[PDB]
A.B. asks: 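Got a structure for you, written out below as structure tokens; questions coming shortly.
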Amino acid sequence: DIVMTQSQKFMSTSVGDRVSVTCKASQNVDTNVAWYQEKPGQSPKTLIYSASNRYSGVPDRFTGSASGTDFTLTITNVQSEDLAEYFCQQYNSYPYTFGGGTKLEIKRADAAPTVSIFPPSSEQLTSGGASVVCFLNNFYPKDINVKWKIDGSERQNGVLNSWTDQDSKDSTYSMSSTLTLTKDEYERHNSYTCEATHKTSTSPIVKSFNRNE
Amino acid sequence: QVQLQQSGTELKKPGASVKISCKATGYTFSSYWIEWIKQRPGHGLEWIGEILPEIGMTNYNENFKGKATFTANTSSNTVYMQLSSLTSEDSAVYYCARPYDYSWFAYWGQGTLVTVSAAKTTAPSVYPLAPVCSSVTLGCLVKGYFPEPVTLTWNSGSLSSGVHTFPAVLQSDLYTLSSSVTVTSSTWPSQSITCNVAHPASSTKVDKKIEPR
Ligand SMILES: *[C@@H]1O[C@H](CO)[C@@H](O[C@@H]2O[C@H](CO)[C@@H](O)[C@H](O)[C@H]2NC(C)=O)[C@H](O)[C@H]1NC(C)=O
């Protein structure tokens, strides 16, 4: 089956600039290729078809092109409402196949994450469980990594990670990591520390606490 | 004008089957193929197959043969897709599409969320997260509800600034969601900050005041 490969899963752009989304077909699809846009929590929308032709109700900033097996979606004077994921599709032979998708984001200056560590609520401890919450806020670029150390001993077991989409107002990212465990093994140990490896720091940023205070 | 109207959100047992509907209105329903597309997070867009309502003739992605079955009702202008033997894989948003004429898709439906889990409706537990004992960051943990969504505000939604509500994640069958709020270390504890969580599915509406440790 025909494989549509979009190399770039993320693309860092800014308003009033041109951005070019790249797709290659693994065989000859001719010009039978279309481009769709999708924004979080919304149906896809048709942009381009037969590789260069704009569908109705689409801005003049979007244009398609093809050379051989190489298909380009081009956006000029890129705008905030253009931030979305872009998929290419081949209709040349069945089954129809889509590229992996490309997500546009707005580039900005980097920021180290603002990191906070929260011990289990007394409410939660009184119900029988333990969750340790580490927040890493307003950082950039989105890529970041989190480690949990119990008394220095790393724990990858039982960690729950969540990420915000890029922040529409300040254009940064933020994520949350919840180390979950049983109250027993929690009250067993003493130091609880979470370390954050991100682009903006030489030495991993590390927030910790010891149990009783 | 051409309009495709899909049926509503589904939640099913693993092993069960679901049947999605799409009502096509504004054109001659029978002349046009209807397409079915699967959108899984992390899995992009996948073409399921098509059906020509006139004679009910079907073309399935070899992937989905036996998983998907298309039927058309030409008196109701409706097309159905049945998914049998449901699993975790089949949890996704399903779109129906109509091509402009015969190939690339011009018109899309709004989608159908189908969630497949052994889970039953569960009201969340809400834990206030206060700092370890200039600027100050508090949180709210909502643990173990189902189904999505829950909605979380801060002080009845009247603190909108410095707020981060993170996408929920699945743990032990159920959803866990966190929120963080930031205020000037001057403004708290001084002023009451409360997190308000609602779960219409269980009829849970709970308020939890963040208090100093
Ligand atoms: C196609 O849709 C029509 C219209 O809804 C269905 O006709 C219905 O049939 C049911 C059961 O026979 C009746 O309760 C309704 O009164 C009918 N609705 C109408 C508007 O006539 C029909 O059953 C559907 N076709 C098939 C084979 O399912």
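Quick note on labels: first sequence line is chain A, next is B, and so on, each numbered from 1.
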A.B. asks: Between B:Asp90 and B:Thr87, is any side-chain donor less than 3.5 angstrom from a side-chain acceptor?
C.D. replies: yes
A.B. asks: For A:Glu123, is it the side chain, the backbone, both, or neither that has a heavy atom closer than 4.5 Å to a heavy atom of chain B?
C.D. replies: both
A.B. asks: Which bit of A:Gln89 is near chain B, if near means a heavy-atom gap under 4.5 Å: side chain, backbone, both or neither?
C.D. replies: side chain
A.B. asks: If you measure only the distance, is there a donor-acceptor pair under 3.5 Å linking the side chains of A:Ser177 and A:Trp148?
C.D. replies: yes
A.B. asks: Let's test your reading of the structure: which of B:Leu141, B:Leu113, B:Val126 forms the most heavy-atom pairs below 4.5 Å with chain A?
C.D. replies: B:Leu141
A.B. asks: With chain A, which of B:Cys133, B:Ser125, B:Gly111 has the greatest number of heavy-atom pairs at distances under 4.5 Å?
C.D. replies: B:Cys133
A.B. asks: So for A:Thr164, is it side chain, backbone, both, or neither that comes closer than 4.5 Å to the heavy atoms of chain B?
C.D. replies: both
A.B. asks: If you tally heavy-atom pairs under 4.5 Å against chain B, which of A:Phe209, A:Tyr94, A:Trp163 wins?
C.D. replies: A:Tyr94
A.B. asks: Walk me through it: do A:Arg155 and A:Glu185 pass the test salt bridge (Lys or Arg N to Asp or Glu O under 4.0 Å)?
C.D. replies: CA-CA 12 Å; A:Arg155 180 81 168 266; A:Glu185 69 165 323; 3.0 Å; yes
A.B. asks: Examine the side chains of B:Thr25 and B:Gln3 and answer whether a donor and an acceptor come within less than 3.5 Å of each other.
C.D. replies: no
A.B. asks: How about residues 46-68 of chain B versus chain A: which residues have heavy atoms under 4.5 Å apart?
C.D. replies: B:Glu46, B:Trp47, B:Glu50, B:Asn59, B:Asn61
A.B. asks: Given a strict heavy-atom distance threshold of 4.5 Å, which part of B:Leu177 is in contact with chain A: side chain, backbone, both, or neither?
C.D. replies: neither
A.B. asks: I want to know whether A:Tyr91 and B:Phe105 have ring centres closer than 6.0 Å.
C.D. replies: no
A.B. asks: Going through the distances and angles, do A:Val21 and A:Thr72 end up as a side-chain contact (heavy atoms from CB on, under 4.5 Å)?
C.D. replies: CA-CA 6 Å; A:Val21 175; A:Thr72 315; over 6 Å; no
A.B. asks: Looking at A:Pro119, A:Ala34, A:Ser121, A:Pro120, which one has more heavy-atom pairs under 4.5 Å with chain B than the rest?
C.D. replies: A:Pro119
A.B. asks: Cut-off 3.5 Å, side chains only: do A:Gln8 and A:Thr102 have a donor facing an acceptor?
C.D. replies: no
A.B. asks: Could you look at A:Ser122 and say if it's the side chain, the backbone, both or neither that has a heavy atom under 4.5 Å from chain B?
C.D. replies: neither
A.B. asks: B:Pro131, B:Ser103, B:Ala168, B:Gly44: which one forms the most heavy-atom pairs within less than 4.5 Å of chain A?
C.D. replies: B:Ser103
A.B. asks: Quick check on A:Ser127 against chain B: is it the side chain, the backbone, both or neither that has a heavy atom closer than 4.5 Å?
C.D. replies: side chain
A.B. asks: Without swapping roles, check the side chain of A:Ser50 against the backbone of A:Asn53 for a donor-acceptor pair under 3.5 Å.
C.D. replies: no
A.B. asks: Distance alone, cut at 3.5 Å: any donor-acceptor contact between the side chains of A:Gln166 and A:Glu105?
C.D. replies: yes
A.B. asks: Heavy-atom pairs under 4.5 Å with chain B - which of A:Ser43, A:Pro44, A:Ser162, A:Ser176 has more of them than the others?
C.D. replies: A:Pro44
A.B. asks: Do you know which of A:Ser116, A:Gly101, A:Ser174 has the most heavy-atom pairs with chain B at a distance under 4.5 angstrom?
C.D. replies: A:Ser174
A.B. asks: Within 45° of the six-membered ring axis of B:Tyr80 and under 6.0 Å from that ring's centre, is NZ or CZ of B:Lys19 located there?
C.D. replies: yes
A.B. asks: Please classify the contact between B:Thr137 and chain A as side chain, backbone, both or neither, with a heavy-atom cut-off of under 4.5 Å.
C.D. replies: both
A.B. asks: Please state whether the side chain, the backbone, both or neither of B:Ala97 comes within less than 4.5 Å of a heavy atom of chain A.
C.D. replies: neither
A.B. asks: Considering only heavy atoms, give the residues of residues 132-144 of chain A separated from chain B by less than 4.5 Å, sorted numerically, with 'none' for an empty result.
C.D. replies: A:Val133, A:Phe135, A:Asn137, A:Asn138
A.B. asks: Any chance you could lay out the side-chain hydrogen bond (donor to acceptor under 3.5 Å, both in side chains) test for A:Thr182 and A:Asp184, step after step, and finish with the verdict?
C.D. replies: CA-CA 5 Å; A:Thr182 57; A:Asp184 59 280; 2.7 Å; yes
A.B. asks: Is it the side chain or the backbone of B:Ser172 that comes within 4.5 Å of chain A heavy atoms, both, or neither?
C.D. replies: neither
A.B. asks: Report yes or no: is the cationic atom of B:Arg98 (NZ for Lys, CZ for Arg) closer than 6.0 Å to the six-membered ring centre of B:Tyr107, at no more than 45° off its axis?
C.D. replies: no
A.B. asks: Heavy-atom distance under 4.5 Å to chain A: side chain of B:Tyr95, backbone, both or neither?
C.D. replies: side chain
A.B. asks: In sequence, state the C-alpha distance, the side-chain angles, and the governing distance for A:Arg108 and A:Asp110, and then conclude on salt bridge (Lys or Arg N to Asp or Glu O under 4.0 Å).
C.D. replies: CA-CA 6 Å; A:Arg108 45 155 291 132; A:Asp110 311 22; over 6 Å; no
A.B. asks: Where do A:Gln90 and A:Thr97 land on the side-chain hydrogen bond (donor to acceptor under 3.5 Å, both in side chains) test, with the steps shown first?
C.D. replies: CA-CA 6 Å; A:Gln90 66 90 17; A:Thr97 52; 3.1 Å; yes
A.B. asks: For a quick check under 3.5 Å, do A:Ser131 and A:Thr178 share a side-chain donor-acceptor pair by atom type?
C.D. replies: no
A.B. asks: Does A:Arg211 qualify as a cation-pi partner of A:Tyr192, given the criterion of NZ or CZ under 6.0 Å from the six-membered ring centre and within 45 degrees of its axis?
C.D. replies: no
A.B. asks: So which of A:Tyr96, A:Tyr49, A:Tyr36 actually passes ring-ring contact (aromatic ring centres under 6.0 Å, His included) with B:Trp104?
C.D. replies: A:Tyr49
A.B. asks: Is it the backbone or the side chain of A:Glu38 that comes under 4.5 Å from a heavy atom of chain B, or both, or neither?
C.D. replies: side chain
A.B. asks: Will you find, in the side chains of A:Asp30 and A:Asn92, an N or O donor that is under 3.5 Å from an N or O acceptor?
C.D. replies: no
